[PDB]
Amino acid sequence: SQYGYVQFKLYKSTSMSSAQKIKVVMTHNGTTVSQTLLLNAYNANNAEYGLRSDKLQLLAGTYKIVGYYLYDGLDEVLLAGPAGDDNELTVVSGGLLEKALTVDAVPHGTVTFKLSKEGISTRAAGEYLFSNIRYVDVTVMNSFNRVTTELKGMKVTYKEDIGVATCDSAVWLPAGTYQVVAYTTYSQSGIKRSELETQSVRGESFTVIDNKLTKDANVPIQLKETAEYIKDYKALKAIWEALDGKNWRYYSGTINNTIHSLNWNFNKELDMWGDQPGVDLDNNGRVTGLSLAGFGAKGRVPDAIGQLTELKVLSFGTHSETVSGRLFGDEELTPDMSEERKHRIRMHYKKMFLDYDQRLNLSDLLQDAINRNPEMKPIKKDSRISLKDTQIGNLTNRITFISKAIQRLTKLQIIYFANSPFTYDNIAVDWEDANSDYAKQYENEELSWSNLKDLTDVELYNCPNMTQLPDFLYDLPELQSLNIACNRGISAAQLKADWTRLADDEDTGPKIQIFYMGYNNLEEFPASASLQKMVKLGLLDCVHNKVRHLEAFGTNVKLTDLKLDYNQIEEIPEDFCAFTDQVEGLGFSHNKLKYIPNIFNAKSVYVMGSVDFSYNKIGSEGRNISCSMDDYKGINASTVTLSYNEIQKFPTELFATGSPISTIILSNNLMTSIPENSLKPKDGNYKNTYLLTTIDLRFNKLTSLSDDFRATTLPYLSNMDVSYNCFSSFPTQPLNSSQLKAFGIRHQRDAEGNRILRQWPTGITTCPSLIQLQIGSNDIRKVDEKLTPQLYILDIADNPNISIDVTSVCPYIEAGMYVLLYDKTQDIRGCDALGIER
């Protein structure tokens, strides 16, 4: 009534039929017991060997088949069968189970082990007694094909301090030559089975023979302390098993010529467990780096991570994970980096999402002009990652918990968390399991965050369910770089509080150097008196927040980088901050700025690369600056971007203050003219006006310029674009420049949408440096000038009443040395190769 039945059916794989018995070896809750049954023969098939077993009465429950033996008429072992991966069978109360046994093509033999004292072969008593070893785990490695096999929880029968014991239950190994390469011994006390030691060894070579038993295979017991590097490798296996390791699949984020490894591997010799993708080791074999980035881990970080005390770089996610997996562009995060390597890695976020060449705000004409000019550096295409509101909150992993054992990793320099679903109270606040051998030990150690005096870099990027910053940040002694971008789980009120705490904290406040907090919800900056405490700040990213109110840091805070783009800032305090002699480009674009803030100095010996004030409301209040002309200090920057604003008056203020501007981008503004003394005083020139080589004035309402644009004021003027304006008469003043290489005046219209530009600029072919001209989409009529082969890029398309003869440049057009933009409908005489409609 408590029992059921089993029968076995022999199946073929992918000779026999002399066998008439089977001894199936099974295990049911530590009862390694075998039973002999007879074979009944039926019709053979290409799937069935045609042999079925007698009913076997067993008590209802789950059983695991270890192996089986087949026997002929003479009752000799005709086959030593392995269980396979279909090792389990469950007997049912009053049921009849039929188990399919598939005969493996690979010949197997059987083995027994003999545990022996080695190294301390009758010497100074070891870490534990040989006697009272109750269970062992042995790893055997095939000496030819190098395949390892793990034989777990074998019962050690010790018959008699003294030291010679055996594993009486035989195991099934494929025929070949082996060596024991590792073991774990256990002591049993009641029901508690405890670890004695784990060692990497090389036991004496044994050989397995087909359908025969090899007796007493060498397991060389050391009776020593488990080495720290072996403890590390076992912790890695724990971490891997706790974070759904079997289901990891590394994503490199790029299709190149490398096919990266998908996962870690523990089906190899124990001594090799430190060789893993993402794991970095020291000369003694200890773990110094661990990166789970790219694998897609799921689970809780166990207390076992506390063992890896030589860990210097630790990473669970990255802002770059979906782009380049484990890498930051081309380089990796490694232990003990130089100041240069560390800085390159810290600047990765900036390069990936914030910086861009300010000359990408110029027209295609002006960019082309610069790119084909060897006297100027080429314009770097926008390689940044565009990030939409839907892309934010996308997880790279399902890591829901971080053990507080992280407090034991005192040599830790850099820690990265990103794209995880954990809550702020689950980030290194508690033990993953208070009853783990690790937590039971570390509870008795005085573990504190105050000991991570080497941890300078922390990343908490895009953690959606994080409602505030975790407490561990405020207890870090030497924090320098912090990234908390895309934590839209934190409210505007909560973020202001968290930043205030961070600044007010006597630990971190005066130590923070880099602060990335873009794509968040901040509406107001913390109180100035608190922001002033951030004495060592050098980088600040507040892009894509909802910032409507700024507070100053003061002029004692010297910033190298400042990115305030995409917010709702109306004014920047005159004392917001100061800047270093290392500034490349500052971002203030996409705001509601009414004025250019007086926070720069044109009298500064260091010249910044650029200031970006595009997409604001400058000039909407009547003047481009809020201070007096006498108080205005100018801007020490080569490029000034003021496109998409409400500028009605040309910013003379910049030139009058001797600003070393070489490119001025004033496109998409409301100017109707640039009268005389806009770029100069009445009887002279401003100190640095001669540096102005590029001018973008497209999409304005300009009807006139002045003699301010002649070589007497702009002698090195190279590129100018006045396309989409209201010129009815060509402004020839810029053509006075001997250095003018490109000029554009496309699509001139009046308010009433008429094509107001009809006259060709007669004499333009004499411009000594002019290469490109754009006069397309106007109403150009007759052209009497003989075109020069020197001005070899000409756009005259969309001029329907044009009458021009191109005979002079006709052989150059044919030789592919002249680019003419035109319509086959236009009256263009002199070149048959053009295909003009006759």
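For every residue, the number given is its place in the sequence shown, counted from 1.
Classify the number of deposited-sequence residues missing from the model between residue 14 and residue 15: none, 1 to 3, 4 to 9, or 10 or more.
Missing in between: 10 or more residues.
If I compare the deposited sequence with the modelled residues, how many are absent between residue 160 and residue 161: none, 1 to 3, 4 to 9, or 10 or more?
In the record, 10 or more residues between residue 160 and residue 161 lack coordinates.
If you take the mean CA temperature factor per stretch, which one wins between 744-752 and 99-107?
According to the entry, 99-107 carries the higher average C-alpha B-factor.
Please work out which of 82-90 and 644-652 has the higher mean CA B-factor as recorded in the PDB entry.
Higher mean C-alpha B-factor: 82-90.
Which of these has the highest Cα B-factor in the record: 774, 43, 769, 778?
Among 774, 43, 769, 778, the PDB entry lists the largest C-alpha B-factor for 43.
From 674, 227, 120, 540, which pick has the Cα B-factor that tops the rest in the entry?
Highest C-alpha B-factor among the listed options: 120.
Lowest, middle or highest third: where is residue 282 by C-alpha B factor in its chain?
Middle third - that is where residue 282 ends up once the chain's C-alpha B-factors are sorted.
Going by the recorded CA B-factors, say which third of the chain residue 184 sits in, lowest, middle or highest.
CA B-factor rank for residue 184: middle third.
Among all modelled residues of this chain, ranked by Cα B factor, put residue 319 in the bottom, middle or top third, i.e. lowest, middle or highest.
Lowest third.
Ranked by Cα temperature factor within the chain, is residue 423 in the lowest third, the middle third or the highest third?
Middle third.
Sorting by Cα B-factor within the chain, modelled residues only, which third would residue 619 end up in: lowest, middle or highest?
Middle third of the chain for residue 619's C-alpha B-factor.
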